[PDB]
C-alpha cells in the first residue's frame, strides 16, 4: 500500500492518535524511485522513515510529506 509522491514511495499508518506517512528508502537512506513501485508493493520488506520535522537527511522531505498528507484530501 505505497503511492507515488515527488518520485518517492509513501505509506500511511494510523491509530487513535493520528495518521503518519512514511517513505521507503534504500539501505543508504536514498528514497526508492517510483520506477520500482511494483516490487515495493509485492516485496514490502523495505526501510521506512516516518515524516518528521527533525529528520534532516532527506532533502525536501517536509515538502513531500505535506504533499502526501494533502493528497489524502485534495485528490
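Residue numbers count along the first chain shown, from 1.
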Check the entry's C-alpha temperature factors for 25 to 33 and 39 to 47, then say which stretch has the higher mean. 39 to 47
Cα B factor band for residue 3 (lowest, middle or highest third within the chain): middle
Using only modelled residues of the chain, where does the Cα B factor of residue 66 rank: lowest third, middle third or highest third? middle
Residue 10: CA B-factor among chain residues, third -> lowest
